[PDB]
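Single chain ahead, written as structure tokens, the form deposited in one PDB entry.
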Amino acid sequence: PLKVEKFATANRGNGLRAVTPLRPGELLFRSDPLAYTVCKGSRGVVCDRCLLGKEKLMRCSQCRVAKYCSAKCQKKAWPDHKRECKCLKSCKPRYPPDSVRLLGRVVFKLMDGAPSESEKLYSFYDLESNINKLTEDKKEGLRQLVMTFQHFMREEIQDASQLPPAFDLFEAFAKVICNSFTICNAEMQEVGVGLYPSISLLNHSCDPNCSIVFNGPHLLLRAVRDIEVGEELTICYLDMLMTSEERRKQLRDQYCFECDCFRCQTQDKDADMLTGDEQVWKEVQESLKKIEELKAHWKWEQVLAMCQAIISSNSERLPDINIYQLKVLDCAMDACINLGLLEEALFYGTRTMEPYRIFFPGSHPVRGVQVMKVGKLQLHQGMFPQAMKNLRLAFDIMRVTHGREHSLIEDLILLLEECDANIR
């Protein structure tokens, strides 16, 4: 039976609230996407279907754009790929914005597929569009997306009979911008984008009582605090390493709302996030645009070189609790992990631990993963007692944020045994 229900809130549209008391770690809902796709930078790096990396992928011949880890995935993806197959091939050699490819798959699922389990509580038809709050600048962008879609899909969709009844593309893209989820892999690297309309009922908080976590394209919604009957369920839509000014900008620009939460009212943690010389972190913030782009395209050598020039600069340096320094350390760590520079990865990862404890309070999946990464690095360098402490700490977080339904927990259970067997 459902532990959650749809309801009309006072001033934030529809929401989700608890029907029964909920405990930390309790599974509230699970869902495959209505539609999803690989994100721009991970295209040809991860499998289109399962969103896992592999040394070399098998590309679809029949369009030769979609890439797969296995014949299993390539064949199982064919139903939701066949029509975009015809389109991507016409397109060739142009690649569309992620939102266009995503909406393509939405339209095909709605036209050709059975009614989706992802739409149990709330459907794509029901999603918030915020059309009456859109600026003229944003509307212009949405008009370009509509024309991009029309061009991209001109092989498969020529008239209104091939869209759902009274389907409006402008409105559809408006729904996509404020309801799309960035799908992250087990390592918290961005790999996809998808729509999960039942999960779209959840409103935002900068200090939420629930969290989502991805296992491939599959999404698990879990409570991360005690929640009373009737209490609204919230998730944090945003990266935790953001100031209240930065959160304000994005929640306005993307989500068309003004956040009234305590953290936003008091600028909670902003001062600590911006410690160090302002001239220096301004330069690093600017440098991170390139670093993050390079990371998004899995260019670890270049990511590392840029991060090293900051972390071990011959000029002024920043404290590790500075959010821009902290992002640089994290990017450097993941680069070192993927270049097999494991000692250097551990130096960076270790340095992120205390800042992550502060900036990811309570039970947050991103901290759980970070601690697991540091524990895993220590385990494999034979630092068996420090590793056990971190892997147990990672488990205490991840038992709440991931749970037994997530396959990463099974991996973590094995590392507890493996590390436990070497010392204890």
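We number the residues from 1 along the sequence you see.
Visitor: Averaged over C-alpha atoms, is the B-factor higher for 130 to 138 or for 83 to 91 in this PDB entry?
Guide: In the deposited entry, the stretch with the higher C-alpha B-factor mean is 83 to 91.
Visitor: Using only the Cα atoms and their B-factors as the entry lists them, report which of 392 to 400 and 62 to 70 averages higher.
Guide: If you average the C-alpha B-factors of 392 to 400 and of 62 to 70, the larger mean comes out for 62 to 70.
Visitor: Based on what the PDB entry reports, which of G194, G104, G276, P115 has the top C-alpha B-factor?
Guide: Largest recorded C-alpha B-factor: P115.
Visitor: Between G349, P217, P208, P164, let me know which has the highest C-alpha B-factor in the entry?
Guide: Among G349, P217, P208, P164, the PDB entry lists the largest C-alpha B-factor for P164.
Visitor: Ranking the modelled residues of this chain by C-alpha B-factor as given in the entry, is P355 in the lowest, middle or highest third?
Guide: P355: CA B-factor falls in the lowest third of its chain.
Visitor: Splitting the chain's C-alpha B-factors into thirds, which one does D320 fall into?
Guide: Bottom third by C-alpha B-factor.
Visitor: Could you say whether, by C-alpha temperature factor, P24 belongs to the lowest, middle or highest third of its chain?
Guide: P24: CA B-factor falls in the highest third of its chain.
Visitor: Thinking about Cα B factors across the chain, which third does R49 belong to?
Guide: Middle third of the chain for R49's C-alpha B-factor.
Visitor: In terms of the CA temperature factor given in the entry, to which third of its chain does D330 belong: lowest, middle or highest?
Guide: Ranked within chain, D330 CA B lands in the lowest tercile.
From this point on, the text means the form deposited with a small molecule bound, which you will not see here.
Visitor: So, a 4.5 angstroms cut-off on heavy atom distances: do all three of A186, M372 and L408 pass it with respect to the small molecule in the deposited complex?
Guide: Every residue of the candidate spot has a heavy atom within 4.5 Å of the small molecule in the deposited complex.
Visitor: Among the candidate stretches 274 to 282, 309 to 317, 333 to 341, 159 to 167, which one is within 4.5 Å of the small molecule in the deposited complex when only heavy atoms are counted?
Guide: Only one stretch passes the 4.5 Å heavy-atom test: 333 to 341.
Visitor: Answer with yes or no whether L377 is in contact with the small molecule in the deposited complex, where contact means some heavy atom within 4.5 Å.
Guide: It does: once the small molecule is placed as it appears in the deposited complex, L377 has a heavy atom within 4.5 Å of it.
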